[PDB]
Amino acid sequence: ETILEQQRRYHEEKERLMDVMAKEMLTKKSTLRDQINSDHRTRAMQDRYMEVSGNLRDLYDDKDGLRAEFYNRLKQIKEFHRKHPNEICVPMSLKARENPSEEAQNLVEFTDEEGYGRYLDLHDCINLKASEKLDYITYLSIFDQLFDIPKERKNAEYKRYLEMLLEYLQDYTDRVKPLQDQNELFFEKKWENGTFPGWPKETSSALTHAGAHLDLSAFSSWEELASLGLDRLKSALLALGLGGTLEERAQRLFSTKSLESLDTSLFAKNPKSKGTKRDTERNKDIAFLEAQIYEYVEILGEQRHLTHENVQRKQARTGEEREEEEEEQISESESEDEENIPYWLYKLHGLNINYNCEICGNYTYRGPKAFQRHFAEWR
Amino acid sequence: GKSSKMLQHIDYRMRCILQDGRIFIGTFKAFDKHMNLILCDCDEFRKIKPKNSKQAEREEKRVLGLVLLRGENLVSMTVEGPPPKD
Amino acid sequence: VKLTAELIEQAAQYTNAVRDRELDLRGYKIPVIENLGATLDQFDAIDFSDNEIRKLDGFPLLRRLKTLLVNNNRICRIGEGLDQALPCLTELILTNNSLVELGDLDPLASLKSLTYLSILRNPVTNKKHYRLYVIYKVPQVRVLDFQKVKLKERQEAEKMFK
Amino acid sequence: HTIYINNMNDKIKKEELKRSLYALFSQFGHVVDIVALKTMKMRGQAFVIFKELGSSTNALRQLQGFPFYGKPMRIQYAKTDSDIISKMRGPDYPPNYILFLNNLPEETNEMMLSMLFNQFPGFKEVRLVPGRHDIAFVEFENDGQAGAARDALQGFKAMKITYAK
Amino acid sequence: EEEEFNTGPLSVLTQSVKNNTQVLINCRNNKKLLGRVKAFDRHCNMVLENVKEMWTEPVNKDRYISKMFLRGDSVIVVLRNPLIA
Amino acid sequence: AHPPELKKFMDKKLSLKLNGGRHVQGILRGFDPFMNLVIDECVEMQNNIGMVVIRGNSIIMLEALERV
Amino acid sequence: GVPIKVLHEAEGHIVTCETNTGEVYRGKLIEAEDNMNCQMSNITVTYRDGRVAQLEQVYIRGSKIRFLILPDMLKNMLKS
Amino acid sequence: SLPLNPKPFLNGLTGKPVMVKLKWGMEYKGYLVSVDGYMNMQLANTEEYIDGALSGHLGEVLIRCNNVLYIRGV
Amino acid sequence: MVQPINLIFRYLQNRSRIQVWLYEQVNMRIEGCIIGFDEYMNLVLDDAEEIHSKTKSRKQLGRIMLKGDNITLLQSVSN
Amino acid sequence: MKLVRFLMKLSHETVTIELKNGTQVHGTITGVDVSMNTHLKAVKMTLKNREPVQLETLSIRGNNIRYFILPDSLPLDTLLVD
RNA sequence: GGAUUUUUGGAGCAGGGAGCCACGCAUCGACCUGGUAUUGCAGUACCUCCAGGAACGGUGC
């Protein structure tokens, strides 16, 4: 096998994919814009387009129609980028043959399926135009990733966690809204004004589950951003700063041992002590998870607010209102991502009498004259 | 009187303990006379029920999915988390 | 006629004659092995006979796959990470394919459970010392080309290639 | 549809024998089932059942005397129809051992058809020789062998061979 | 039914409740409960008073339980005696 | 007071997994609503025990050795 | 019972069954009785040691079933 | 005998010395005072034989039905 | 079709010596001649024996009523 | 007579229950039903050979109960009246 | 409304010792080397026999 051909086909496929996700970014600029905006608040350096472009949903001169579909295409582009990364990887890793090419000369076959099957394998849009999804990701379904209450990233469902929370506090004095008020705590509040004692079991377990949820939700709602990049960023921030990152002019330096320290000196000589060794060796995973909950909730401030709002709304609804709203959320959830008298007369005449034809759909006929007319019919 | 003691927890995420000592966590959607249970998005745990075990929370976890458990083999249930909205 | 979940979903599924769950992928003119994820790891073995596959590669992690019948295809190369996606691969039938060099059979050394191997009707078969080479490089094989790997052959393959 | 194999090394355990048999014979078509017992009576034998009949004929001709676990296997068409075939499916001379018909020309000849018919121990009558070289009269000692030859070239791309029904 | 509680094998329990006498209950848990029968039923569920629970772990052990309810399936044997005396 | 749906398995050879890690094989000759079975030409997994009664209580699983 | 109706709904689908002894049977559910007696076909069985086998036809008594896994195709009886 | 059933057999054995084996391998010898519909059993002057050896002399005893393996007259 | 209860009724009439497999106990089985039985499969056995499969030892019992709880399986023996 | 009826009266009592599997349960009864299925709140449950876990709520299948240890204060003679 | 498929139980109990490595007893099964018998058209608890090997597997105490 001549490697030249393989590497060629690779560069060609990469080109094909770039072209596909570029066509996408073209039809609906939001796809990129959306993504980029979020990226902006994670990696501050990122340069973002002119606001006007974003609003008018245009890339150069033409303003495109505003578009579940955005998210869909974002996950599709996600798998595309996965393919691309794979190919890039493998890639990083004459007369003799022309003679054997003479093999099996006599085949009556038309061969127009190398670039067409690929170009096609990665393009928009069924028979003609029913499903935006490419053949590449034809079995891609968002509803298996997002619940109905999340509305493809619009809201995050925290009712469940309100339940678990009630189970954690061993009472009922806590309302959904007071619970959200609790969540708001999450750079210093969640640490110095904790809902519960941060060494409580139930509490730490809960916090773990919740943290995990928020993170998965985050990356779920923003497929286009490099997950590994974000993860590593946060981890390095955790290791390099979260080193007495919390400082008070009065109490000094706080340690996630839950104690302060006069000066940095005693703080450092405390990070080798048996106490801190014990704690950092037992409560490491929890501390880290807490931190993640913190930063991921920060990155999702807009979604948190959006949901809290939703809660208050639904709460202030009536019965009919709440019902119709639910109807709406439901429809949004299960909708295609791309839209396209003679009484004795009938006895006398013999009609309205129950009868059945077996060969036709086990069909029912109400009259004998009619069924006798079935014998000559189209169906 | 009320019959509610099971119906209350319906739709909630529930931690169920089996007679061999397994832990089934799923969404409690239905029960009956025998306490045969219907558990949506159900996983099985063996080693632990985590209360934030600093080493790890999850070992021998298995994704099962939609589970019908026979009541014969059920021991007990506690509330694990609130209902998923979906 | 790309391999597809749609293709896989309408494919004959049955319990074979040796009591294993088998998927029938035969005679579709498949050129590249892909999208196996959709089988959901529910088959003991897959029958890929009479197709146009060039390389035994592209498999997802499939823990239950134990038998691969790959008769009358165009296999000329074997992928390198096969044990990482097929840990319990026990039987591999490659009759009537295109493996030409002894070195192309090297990737089979990494399949720790591989016990039944058939490479008949491949050019590689006529290479000097083909049998001893396979025995020394893939010692986990117990039956090669429907003949028992015997001790004397193992020793003989230990001399040559030691 | 079913081939009868004998002269097999009876030291192989039953489940291993059946699995190698399945593997070996999969190259010609889907094998529906394999019947092999180790009783005194049945040891060293096996019945291999294929979905397609052309597959059985191809298997028979191509693997005649194939070394399997040390011995050369002997293959033949089974005497009766397999129970599985009869269930999946649902004249007095049939199966007959004399196949006369034509539609097999193209420089074809008597030593050609005589060697193809020869393949079979049933090789008894072979009539293919006039300017024709396209009318084949084959009298095969028995229908297992006539059926073997006929099943071997049962679609000589389409020749017409008609048993003396 | 009362007749069957009164004269049948359960009369052992019926007699213990009436006379406020002690009985030893050999139990499935490999433990033995020694006390007075305040109430009982078909299944041999019981409400017991002044229960001395005894078992072994070899080491013998015991513990006092003033008031308790026993689900009757755990019953192996119920013994009446000159125990109360 | 339902019957087990076993008419399909009548007069077929079967493989019976019983509690105690016990296994027997034989031909189904009949049954009742408790799933008590009559098994003929029964064999303890091998020694021949003839026609026997298996109490449905102790029946874990059965597997047909035939096609139904 | 409500769960029983949902079980009958899974007839004709591929299901997984664990017994009281922990053997795991996966295949097509042909018939499910009221008492949980289960007729299945084209089974894969995974024993407690990990080994697999293949069976054409099986029938398991309801009492000696620990649990069943049903498709997620059913999840969509929300009234109760 | 012409059909001798469980119930009458046990009733004939009331007033008699019996020994009951339990599933758990304990054995209890005494005079059978009575049995009931569920086959719960009442012994007097009971003795306990464990490993077939006299262990304890117990007096009047109720045995729950589910424990019983078999009963023997003796 | 033979019904299981009837088989027993046959065992009874025949006075065939019977060997019973017990529930969750493999090392011991019980033997005897069924004289009568009831709706719960409780059996009255005559000249009954405990059979120790491990020790090859037999314990002589005489008149036995075995609760049906223990019955796994019922077989006939020539002895 | 039917002693489950007696247990059904013990809502809002705190008890210790020993299970068949050896587990020990201490909590406040919210409800006992006819199958002796028992429901509790503010529960400290100690599986045999663990340190306790606290649960806001726990629901026990009735059959899995060995026995209830009742409050010493409990006025049994009152509760046994129907 | 305690008698075989659920809620009045068939449960209960038994493992460390020796210097990371190795392990008592009983039953059953393939199983592995040699050699040797059979050439038989079937729908199957298993399937020749003879000698040697088991740092093999399962179950119970």
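Computed from the coordinates by the stated procedures, all read-outs in this text should not be read as laboratory data. Using ideal geometry, Cβ is built from the backbone for each residue, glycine included, and neighbour counts are taken over all protein chains shown.
Worth a mention:
- The residue list G:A53, C:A38, C:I78 was ranked by how far each Cα lies along the charge dipole of the protein assembly as shown toward its positive end, using unit charges on Cβ atoms, and G:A53 comes out on top.
- Packing-based exposure ordering (other Cβ within 10 Å, fewest first) of D:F47, A:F143: A:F143, D:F47
- Helix-only [θ]222 nm of chain A, DSSP H runs n ≥ 4, -39500 (n - 2.57) each, per residue, nearest 500: -17000 deg cm²/dmol
- The relative contact order of chain J comes to 29 percent, based on Cα pairs under 8 Å that sit 6 or more residues apart.
- Along the stretch E:26-43 the Karplus relation, 6.51 cos²θ - 1.76 cosθ + 1.60 evaluated at θ = phi - 60°, assigns HN-Hα couplings of 5, 10, 3, 4, 6, 10, 10, 10, 10, x, 10, 9, 8, 7, 8, 9, 3, 7 Hz to successive residues, with x for each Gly and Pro.
- When every Cα-Cα distance of the stretch G:21-80 is counted in 5 angstrom steps from zero, the calculated P(r) takes the values 4, 16, 24, 25, 17, 8, 4, 2, 0 percent.
- With 21 Å as the limit, the listed pairs C:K66/C:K162; E:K32/J:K41; E:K38/J:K2; A:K23/A:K78 have C:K66/C:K162; E:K32/J:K41 beyond it between alpha carbons.
- In order through the stretch H:44-50: 3J(HN,Hα) via Karplus (6.51 cos²θ - 1.76 cosθ + 1.60), integer Hz, x for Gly, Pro: 10, 6, 3, 10, 10, 10, 10
- Between helix I:4-14 and chain I: long-axis angle, C-alpha atoms, 0 to 90°, nearest 10: 80
- Chain E, dipole about Cα centre (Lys/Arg Cβ +1, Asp/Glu Cβ -1), debye to the nearest 20: 420
- Two-site FRET efficiency, A:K274 against A:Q170, from Cβ-Cβ distance with R₀ of 30 Å, rounded to 0.05: 0.35
- The H on the amide N of A:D58, modeled in the peptide plane, is under 5 Å from the matching H of A:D64, each at least 5 residues off or on a different chain.
- For the pair the stretch D:71-146 / the stretch H:26-74, the C-alpha centres are spaced 83 Å from each other.
- Separation between Cα centres of the stretch A:45-66 and the stretch F:37-68, rounded to whole Å: 76
- On the basis of the beta-carbon distance and an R0 of 45 Å, D:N118 and C:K55 show a calculated FRET efficiency of 0.60.
- Simple Cβ-charge dipole of chain G, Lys/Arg +1 and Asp/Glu -1, about Cα centre, in debye nearest 20: 200
- Helix-derived mean residue ellipticity, 222 nm - over chain B, DSSP H n ≥ 4, -39500 (n - 2.57), to 500: -500 deg cm²/dmol
- When chain J is described by a simple charge dipole with +1 on each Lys and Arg Cβ and -1 on each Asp and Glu Cβ, the residue from J:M8, J:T23, J:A42 located farthest towards its positive end is J:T23.
- Proximity of backbone amide H atoms, modeled 1.01 Å from N, is registered between C:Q42 and no other residue at under 5 Å, excluding neighbours fewer than 5 places apart on the same chain.
- Ordering B:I17, B:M35, B:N52 by the projection of their Cα atoms onto the charge dipole of the stretch B:1-61, which places +1 on the Cβ of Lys and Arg and -1 on the Cβ of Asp and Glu, puts B:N52 at the extreme positive end.
- Value at 222 nm in deg cm²/dmol, rounded to 500, when DSSP H runs of n ≥ 4 in chain E each add -39,500 (n - 2.57): -4500 deg cm²/dmol
- Under 5 Å, built H, 5+ apart or other chain: amide partners of C:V100: C:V124
- The ranking of A:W344, A:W222, I:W21, A:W191 from fewest to most other beta carbons within 10 Å of each one's beta carbon is A:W344, A:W191, A:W222, I:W21.
- Calculated on the Cα set of the protein assembly as shown, radius of gyration then Dmax: 38.8, 125 Å.
- Note on E:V51, E:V37: ascending count of other Cβ atoms within 10 Å places them as E:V51, E:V37, the fewest first.
- Given charges at beta-carbon only (K, R positive; D, E negative), |dipole| of chain A in Debye: 1100
- Free of any trypsin sites (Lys or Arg not before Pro) that DSSP assigns to a loop and that have at most 13 other C-beta atoms within 10 Å, the longest stretch within chain I is I:16-53.
- The phi-based Karplus calculation (6.51 cos²θ - 1.76 cosθ + 1.60; θ = phi - 60°) puts the 3J(HN,Hα) values of the stretch C:10-20 at 10, 6, 3, 10, 6, 9, 7, 4, 10, 6, 10 Hz, whole numbers, x for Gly and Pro.
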